[PDB]
Amino acid sequence: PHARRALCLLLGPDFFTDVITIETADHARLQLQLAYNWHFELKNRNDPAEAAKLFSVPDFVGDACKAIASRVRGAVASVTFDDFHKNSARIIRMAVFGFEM
Amino acid sequence: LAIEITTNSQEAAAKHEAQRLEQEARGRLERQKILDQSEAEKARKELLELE
């Protein structure tokens, strides 16, 4: 919840070596190490409002990890263990940002 | 149970594909037994002519 603390908000591309405890439709309890290749986006890097919107969430690392973990777990919950392992990366990556484009 | 069902399903499908290879094998096994007996009888013609 609160382990690291730094004066700077890292905007450059990075990752989170997070592990989740998900459960598929076959109830198969498996933990799985995630990365969350992330980067902050600013279209106008001088506007005070947008720039201060960076510090909106004070625990953005945890927010990103929890949101992706929740959505991943919810989507793998609808598939069997066989499906979650055949299309492992496929279903987890569509789990994070489920749409059709 | 919900993972053993997956194991059973994949092993059953592989058993069916193994039977596929076995049955296709036996299938042209028959035909090639057949075609070699064809040639054998073709010249058993000369056998029994001259015998």
# chains A, B, ... in the order shown; residues from 1 in each chain; ligands from 1
>>> interface_residues(of="chain A", to="chain B", cutoff="9 Å", atoms="only C-alpha atoms", output="list in words")
residues 25, 26, 27, 28, 80, 81 and 82 of chain A
>>> write_last_selection(atoms="N, CA, C and O atoms", output="PDB file, in the first residue's frame")
ATOM      1  N   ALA A  25     -12.049 -19.844 -14.571  1.00  0.00           N
ATOM      2  CA  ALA A  25     -13.353 -20.488 -14.455  1.00  0.00           C
ATOM      3  C   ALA A  25     -13.260 -21.917 -13.943  1.00  0.00           C
ATOM      4  O   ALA A  25     -14.228 -22.409 -13.351  1.00  0.00           O
ATOM      5  N   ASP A  26     -12.132 -22.594 -14.152  1.00  0.00           N
ATOM      6  CA  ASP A  26     -11.873 -23.886 -13.537  1.00  0.00           C
ATOM      7  C   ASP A  26     -11.341 -23.753 -12.121  1.00  0.00           C
ATOM      8  O   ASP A  26     -10.777 -24.714 -11.591  1.00  0.00           O
ATOM      9  N   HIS A  27     -11.472 -22.570 -11.518  1.00  0.00           N
ATOM     10  CA  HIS A  27     -11.102 -22.299 -10.134  1.00  0.00           C
ATOM     11  C   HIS A  27      -9.599 -22.395  -9.905  1.00  0.00           C
ATOM     12  O   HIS A  27      -9.143 -22.359  -8.757  1.00  0.00           O
ATOM     13  N   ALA A  28      -8.812 -22.517 -10.974  1.00  0.00           N
ATOM     14  CA  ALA A  28      -7.388 -22.815 -10.856  1.00  0.00           C
ATOM     15  C   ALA A  28      -6.664 -21.602 -10.287  1.00  0.00           C
ATOM     16  O   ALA A  28      -6.384 -20.639 -11.009  1.00  0.00           O
ATOM     17  N   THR A  80     -11.847 -21.240 -19.150  1.00  0.00           N
ATOM     18  CA  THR A  80     -11.294 -22.430 -18.526  1.00  0.00           C
ATOM     19  C   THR A  80      -9.774 -22.316 -18.423  1.00  0.00           C
ATOM     20  O   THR A  80      -9.148 -21.442 -19.026  1.00  0.00           O
ATOM     21  N   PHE A  81      -9.185 -23.205 -17.619  1.00  0.00           N
ATOM     22  CA  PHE A  81      -7.730 -23.227 -17.487  1.00  0.00           C
ATOM     23  C   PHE A  81      -7.072 -23.564 -18.818  1.00  0.00           C
ATOM     24  O   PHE A  81      -6.021 -23.012 -19.165  1.00  0.00           O
ATOM     25  N   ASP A  82      -7.690 -24.464 -19.584  1.00  0.00           N
ATOM     26  CA  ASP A  82      -7.169 -24.815 -20.899  1.00  0.00           C
ATOM     27  C   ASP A  82      -7.129 -23.596 -21.814  1.00  0.00           C
ATOM     28  O   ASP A  82      -6.139 -23.358 -22.513  1.00  0.00           O
TER      29      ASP A  82
END
>>> residues_around(residues="residue 40 of chain A", least_positions_apart="6", cutoff="8 Å", atoms="only C-alpha atoms", output="list in words")
residues 11, 12 and 13 of chain A
>>> atom_distance(atom1="atom CA of residue 15 of chain A", atom2="atom CA of residue 38 of chain A")
6.0 Å
>>> residues_around(residues="residue 90 of chain A", least_positions_apart="6", cutoff="12 Å", atoms="only C-alpha atoms", output="number ranges by chain")
A: 72, 75-76, 83-84, 96-98
>>> write_last_selection(atoms="C-alpha atoms", output="JSON list (two decimals), in the first residue's frame")
[["chain", "number", "residue", "atom", "x", "y", "z"],
["A", 72, "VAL", "CA", -7.22, -9.39, -15.90],
["A", 75, "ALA", "CA", -11.63, -11.70, -17.69],
["A", 76, "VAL", "CA", -9.67, -14.90, -16.97],
["A", 83, "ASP", "CA", -8.23, -21.60, -22.64],
["A", 84, "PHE", "CA", -6.26, -19.37, -20.24],
["A", 96, "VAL", "CA", -6.44, -5.24, -19.90],
["A", 97, "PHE", "CA", -8.03, -3.11, -22.65],
["A", 98, "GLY", "CA", -10.99, -5.12, -23.96]]
>>> select_by_dssp(residues="chain A", states="helix (DSSP H, G or I)", output="short mmCIF file (atom, residue, chain, number, x, y, z; two decimals) with C-alpha atoms, in the first residue's frame")
data_model
loop_
_atom_site.label_atom_id
_atom_site.label_comp_id
_atom_site.auth_asym_id
_atom_site.auth_seq_id
_atom_site.Cartn_x
_atom_site.Cartn_y
_atom_site.Cartn_z
CA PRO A 48 -0.46 23.96 -15.40
CA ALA A 49 -3.78 22.08 -15.28
CA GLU A 50 -2.68 19.07 -17.33
CA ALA A 51 0.79 19.05 -15.74
CA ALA A 52 -0.68 19.06 -12.22
CA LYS A 53 -3.11 16.33 -13.31
CA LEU A 54 -0.05 14.06 -13.27
CA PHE A 55 -0.05 14.13 -9.46
CA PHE A 60 -0.26 5.81 -9.56
CA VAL A 61 1.94 2.69 -9.45
CA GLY A 62 -0.53 0.93 -7.16
CA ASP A 63 -3.51 2.31 -9.08
CA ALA A 64 -2.24 0.95 -12.40
CA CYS A 65 -1.31 -2.42 -10.90
CA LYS A 66 -4.64 -2.86 -9.09
CA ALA A 67 -6.74 -1.81 -12.10
CA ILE A 68 -4.95 -4.11 -14.54
CA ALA A 69 -4.92 -6.97 -12.01
CA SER A 70 -8.65 -6.59 -11.37
CA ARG A 71 -9.60 -6.53 -15.04
CA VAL A 72 -7.22 -9.39 -15.90
CA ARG A 73 -8.59 -11.55 -13.09
CA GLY A 74 -12.19 -10.77 -14.06
CA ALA A 75 -11.63 -11.70 -17.69
CA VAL A 76 -9.67 -14.90 -16.97
CA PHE A 81 -7.73 -23.23 -17.49
CA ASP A 82 -7.17 -24.82 -20.90
CA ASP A 83 -8.23 -21.60 -22.64
CA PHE A 84 -6.26 -19.37 -20.24
CA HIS A 85 -3.17 -21.35 -21.07
CA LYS A 86 -3.68 -21.80 -24.83
CA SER A 88 -2.53 -16.93 -22.32
CA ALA A 89 -1.04 -13.67 -23.56
CA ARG A 90 -3.91 -13.17 -26.01
CA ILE A 91 -6.69 -13.21 -23.43
CA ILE A 92 -4.69 -11.36 -20.75
CA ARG A 93 -3.79 -8.59 -23.19
CA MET A 94 -7.39 -8.26 -24.37
CA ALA A 95 -8.39 -8.41 -20.69
CA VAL A 96 -6.44 -5.24 -19.90
#
>>> atom_distance(atom1="atom CA of residue 16 of chain A", atom2="atom CA of residue 41 of chain A")
17.3 Å
